[PDB]
$ cat work.pdb   # PDB, C-alpha atoms
ATOM      1  CA  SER C  18     129.238  72.457 -14.580
ATOM      2  CA  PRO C  19     125.741  71.058 -14.017
ATOM      3  CA  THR C  20     126.490  68.339 -16.598
ATOM      4  CA  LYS C  21     129.433  67.158 -14.478
ATOM      5  CA  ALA C  22     127.237  67.292 -11.381
ATOM      6  CA  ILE C  23     124.803  64.959 -13.119
ATOM      7  CA  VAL C  24     127.623  62.616 -14.194
ATOM      8  CA  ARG C  25     129.063  62.543 -10.640
ATOM      9  CA  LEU C  26     125.683  61.883  -9.021
ATOM     10  CA  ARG C  27     125.061  59.088 -11.545
ATOM     11  CA  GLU C  28     128.535  57.690 -10.811
ATOM     12  CA  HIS C  29     127.663  57.368  -7.112
ATOM     13  CA  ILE C  30     124.217  55.983  -7.950
ATOM     14  CA  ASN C  31     125.827  53.300 -10.150
ATOM     15  CA  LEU C  32     128.108  52.320  -7.256
ATOM     16  CA  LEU C  33     125.104  52.282  -4.942
ATOM     17  CA  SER C  34     123.212  50.093  -7.415
ATOM     18  CA  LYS C  35     126.116  47.656  -7.097
ATOM     19  CA  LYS C  36     125.562  47.724  -3.318
ATOM     20  CA  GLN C  37     121.825  47.285  -4.051
ATOM     21  CA  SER C  38     122.422  44.059  -6.005
ATOM     22  CA  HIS C  39     124.878  42.823  -3.385
ATOM     23  CA  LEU C  40     122.569  43.444  -0.418
ATOM     24  CA  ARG C  41     119.538  42.100  -2.307
ATOM     25  CA  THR C  42     121.527  38.942  -3.012
ATOM     26  CA  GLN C  43     122.347  38.666   0.713
ATOM     27  CA  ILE C  44     118.659  38.993   1.566
ATOM     28  CA  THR C  45     117.904  35.977  -0.653
ATOM     29  CA  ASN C  46     120.821  34.112   0.951
ATOM     30  CA  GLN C  47     119.541  34.870   4.466
ATOM     31  CA  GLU C  48     116.092  33.568   3.473
ATOM     32  CA  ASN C  49     117.785  30.385   2.200
ATOM     33  CA  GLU C  50     119.793  30.113   5.405
ATOM     34  CA  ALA C  51     116.573  30.245   7.400
ATOM     35  CA  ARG C  52     114.946  27.658   5.090
ATOM     36  CA  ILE C  53     117.920  25.362   5.610
ATOM     37  CA  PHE C  54     117.468  25.584   9.385
ATOM     38  CA  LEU C  55     113.732  24.935   8.959
ATOM     39  CA  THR C  56     114.455  21.728   7.079
ATOM     40  CA  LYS C  57     116.960  20.856   9.835
ATOM     41  CA  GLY C  58     114.303  21.656  12.431
ATOM     42  CA  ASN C  59     116.183  24.425  14.208
ATOM     43  CA  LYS C  60     113.587  27.198  14.265
ATOM     44  CA  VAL C  61     115.687  29.249  16.678
ATOM     45  CA  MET C  62     118.512  29.580  14.186
ATOM     46  CA  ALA C  63     115.986  30.006  11.356
ATOM     47  CA  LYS C  64     114.541  33.024  13.202
ATOM     48  CA  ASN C  65     118.071  34.318  13.767
ATOM     49  CA  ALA C  66     118.748  34.029  10.027
ATOM     50  CA  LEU C  67     115.514  35.983   9.447
ATOM     51  CA  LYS C  68     116.811  38.605  11.920
ATOM     52  CA  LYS C  69     119.895  38.887   9.704
ATOM     53  CA  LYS C  70     117.636  38.946   6.622
ATOM     54  CA  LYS C  71     115.760  41.952   8.071
ATOM     55  CA  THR C  72     119.069  43.572   9.058
ATOM     56  CA  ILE C  73     120.224  43.496   5.439
ATOM     57  CA  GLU C  74     116.798  44.714   4.284
ATOM     58  CA  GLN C  75     117.291  47.786   6.460
ATOM     59  CA  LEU C  76     120.732  48.363   4.878
ATOM     60  CA  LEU C  77     119.236  47.911   1.379
ATOM     61  CA  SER C  78     116.562  50.504   2.203
ATOM     62  CA  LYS C  79     119.353  52.914   3.188
ATOM     63  CA  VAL C  80     121.153  52.368  -0.121
ATOM     64  CA  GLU C  81     117.942  52.761  -2.125
ATOM     65  CA  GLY C  82     117.010  55.923  -0.213
ATOM     66  CA  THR C  83     120.496  57.342  -0.825
ATOM     67  CA  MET C  84     120.082  56.777  -4.564
ATOM     68  CA  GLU C  85     116.654  58.427  -4.414
ATOM     69  CA  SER C  86     118.182  61.599  -2.899
ATOM     70  CA  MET C  87     120.896  61.668  -5.555
ATOM     71  CA  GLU C  88     118.334  61.120  -8.334
ATOM     72  CA  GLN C  89     116.173  63.977  -6.947
ATOM     73  CA  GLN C  90     119.174  66.310  -7.080
ATOM     74  CA  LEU C  91     120.239  64.931 -10.456
ATOM     75  CA  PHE C  92     116.760  65.371 -12.004
ATOM     76  CA  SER C  93     116.435  68.804 -10.413
ATOM     77  CA  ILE C  94     119.627  69.841 -12.205
ATOM     78  CA  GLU C  95     118.417  68.320 -15.485
ATOM     79  CA  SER C  96     115.026  70.007 -15.078
ATOM     80  CA  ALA C  97     116.735  73.351 -14.419
ATOM     81  CA  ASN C  98     118.619  73.001 -17.706
ATOM     82  CA  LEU C  99     115.426  72.005 -19.530
ATOM     83  CA  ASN C 100     113.746  75.107 -18.097
ATOM     84  CA  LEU C 101     116.666  77.221 -19.403
ATOM     85  CA  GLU C 102     116.158  75.659 -22.843
ATOM     86  CA  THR C 103     112.394  76.311 -22.620
ATOM     87  CA  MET C 104     113.245  79.908 -21.709
ATOM     88  CA  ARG C 105     115.563  80.214 -24.740
ATOM     89  CA  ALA C 106     112.805  78.770 -26.934
ATOM     90  CA  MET C 107     110.415  81.423 -25.639
ATOM     91  CA  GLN C 108     113.071  84.070 -26.200
ATOM     92  CA  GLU C 109     113.372  83.036 -29.853
ATOM     93  CA  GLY C 110     109.565  83.131 -30.115
ATOM     94  CA  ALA C 111     109.678  86.660 -28.724
ATOM     95  CA  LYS C 112     112.279  87.536 -31.369
ATOM     96  CA  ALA C 113     109.873  86.275 -34.042
ATOM     97  CA  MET C 114     107.138  88.493 -32.587
ATOM     98  CA  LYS C 115     109.536  91.442 -32.570
ATOM     99  CA  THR C 116     110.103  90.820 -36.290
ATOM    100  CA  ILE C 117     106.343  90.616 -36.889
ATOM    101  CA  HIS C 118     105.768  93.934 -35.116
ATOM    102  CA  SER C 119     108.802  95.531 -36.744
TER     103      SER C 119
END

$ encode --input "work.pdb" --output "C-alpha cells"
Amino acid sequence: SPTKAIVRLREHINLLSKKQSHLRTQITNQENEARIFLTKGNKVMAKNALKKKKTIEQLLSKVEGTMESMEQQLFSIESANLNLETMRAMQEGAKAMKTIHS
C-alpha cells in the first residue's frame, strides 16, 4: 500500500536523520580538533583536522541528499493520494449536480 510506502520511506529517513546528527556532531568535533591544534601551534595538524572536517561534511551532504530523495518520493505518494481525494470530492460534487439536473 502507498501508506506503507510512506511509513517505510519515513523509517529510513529517521535512521538517516540519526546519521545526520552523528555526522554533524563529528563536524563540530573536527572543528574543535583543529582549534586545539591552533592553540598548540601546530597549523599542519589543524589543517589536517579541517580536511577531516570537510570529509565528514561531504558525508553529511550525502545523507541529507538521500533523505531529500526519499522525501520527494514520500510526498509524491502523499500528493497522489490527496489528488485521489480531490477527485472523489469532485465526483461527489458531480453527483450533487446530477441530482440538481434530475

$ resolve_selection --input "work.pdb" --expression "the PyMOL selection byres ((chain C and resi 78) around 12)" --output "PyMOL selection string"
chain C and resi 33-34+36-38+40-41+44+71-77+79-85

$ closest_atom_pairs --input "work.pdb" --of "segment 27-78 of chain C" --to "segment 19-22 of chain C" --cutoff "12 Å" --atoms "all atoms listed in the file" --output "tab-separated table"
residue	atom	partner	partner_atom	distance
C:27	CA	C:22	CA	8.5
C:28	CA	C:22	CA	9.7
C:29	CA	C:22	CA	10.8

$ atom_distance --input "work.pdb" --atom1 "atom CA of residue 31 of chain C" --atom2 "atom CA of residue 88 of chain C"
11.0 Å

$ atom_distance --input "work.pdb" --atom1 "atom CA of residue 65 of chain C" --atom2 "atom CA of residue 46 of chain C"
13.1 Å

$ closest_residue --input "work.pdb" --among "C:64, C:105, C:112, C:118" --to "residue 52 of chain C" --atoms "only C-alpha atoms"
C:64

$ atom_distance --input "work.pdb" --atom1 "atom CA of residue 104 of chain C" --atom2 "atom CA of residue 23 of chain C"
20.8 Å

$ build_atoms --input "work.pdb" --residues "segment 60-81 of chain C" --atoms "N, CA, C and O atoms" --output "compact mmCIF listing (two decimals), keeping the file's coordinate frame"
# COMPACT_ATOMS: atom_id res chain seq x y z
N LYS C 60 114.35 25.98 14.50
CA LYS C 60 113.59 27.20 14.26
C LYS C 60 114.24 28.40 14.94
O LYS C 60 114.05 29.53 14.50
N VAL C 61 115.01 28.16 16.00
CA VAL C 61 115.69 29.25 16.68
C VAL C 61 116.71 29.89 15.76
O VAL C 61 116.75 31.11 15.61
N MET C 62 117.54 29.06 15.13
CA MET C 62 118.51 29.58 14.19
C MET C 62 117.87 30.09 12.91
O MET C 62 118.39 31.02 12.30
N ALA C 63 116.75 29.50 12.50
CA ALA C 63 115.99 30.01 11.36
C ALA C 63 115.49 31.43 11.63
O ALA C 63 115.59 32.29 10.75
N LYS C 64 114.98 31.68 12.83
CA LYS C 64 114.54 33.02 13.20
C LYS C 64 115.73 33.98 13.25
O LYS C 64 115.64 35.13 12.79
N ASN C 65 116.86 33.50 13.76
CA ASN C 65 118.07 34.32 13.77
C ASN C 65 118.56 34.65 12.35
O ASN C 65 119.03 35.76 12.09
N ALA C 66 118.44 33.72 11.42
CA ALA C 66 118.75 34.03 10.03
C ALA C 66 117.76 35.05 9.47
O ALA C 66 118.14 35.88 8.65
N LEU C 67 116.49 34.98 9.88
CA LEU C 67 115.51 35.98 9.45
C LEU C 67 115.80 37.35 10.08
O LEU C 67 115.53 38.40 9.47
N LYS C 68 116.36 37.35 11.29
CA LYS C 68 116.81 38.60 11.92
C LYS C 68 117.93 39.24 11.09
O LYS C 68 117.94 40.45 10.87
N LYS C 69 118.85 38.41 10.62
CA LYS C 69 119.90 38.89 9.70
C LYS C 69 119.33 39.30 8.35
O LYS C 69 119.78 40.28 7.74
N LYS C 70 118.35 38.56 7.85
CA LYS C 70 117.64 38.95 6.62
C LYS C 70 117.07 40.37 6.74
O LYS C 70 117.33 41.23 5.88
N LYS C 71 116.34 40.63 7.81
CA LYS C 71 115.76 41.95 8.07
C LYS C 71 116.83 43.03 8.25
O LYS C 71 116.67 44.17 7.80
N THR C 72 117.94 42.66 8.89
CA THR C 72 119.07 43.57 9.06
C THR C 72 119.60 44.04 7.71
O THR C 72 119.86 45.24 7.51
N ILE C 73 119.74 43.12 6.77
CA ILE C 73 120.22 43.50 5.44
C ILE C 73 119.16 44.29 4.69
O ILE C 73 119.49 45.23 3.95
N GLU C 74 117.89 43.96 4.90
CA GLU C 74 116.80 44.71 4.28
C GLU C 74 116.83 46.18 4.71
O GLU C 74 116.57 47.09 3.90
N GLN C 75 117.15 46.41 5.97
CA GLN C 75 117.29 47.79 6.46
C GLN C 75 118.46 48.51 5.76
O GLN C 75 118.34 49.67 5.35
N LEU C 76 119.58 47.80 5.60
CA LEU C 76 120.73 48.36 4.88
C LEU C 76 120.41 48.63 3.39
O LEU C 76 120.85 49.66 2.83
N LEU C 77 119.64 47.74 2.77
CA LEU C 77 119.24 47.91 1.38
C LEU C 77 118.36 49.16 1.26
O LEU C 77 118.57 49.99 0.38
N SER C 78 117.43 49.32 2.20
CA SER C 78 116.56 50.50 2.20
C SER C 78 117.40 51.79 2.28
O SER C 78 117.11 52.79 1.61
N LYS C 79 118.46 51.76 3.08
CA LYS C 79 119.35 52.91 3.19
C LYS C 79 120.05 53.21 1.87
O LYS C 79 120.19 54.38 1.48
N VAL C 80 120.49 52.17 1.17
CA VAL C 80 121.15 52.37 -0.12
C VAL C 80 120.16 52.91 -1.14
O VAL C 80 120.47 53.84 -1.89
N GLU C 81 118.96 52.33 -1.17
CA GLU C 81 117.94 52.76 -2.12
C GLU C 81 117.49 54.20 -1.86
O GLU C 81 117.34 55.00 -2.80
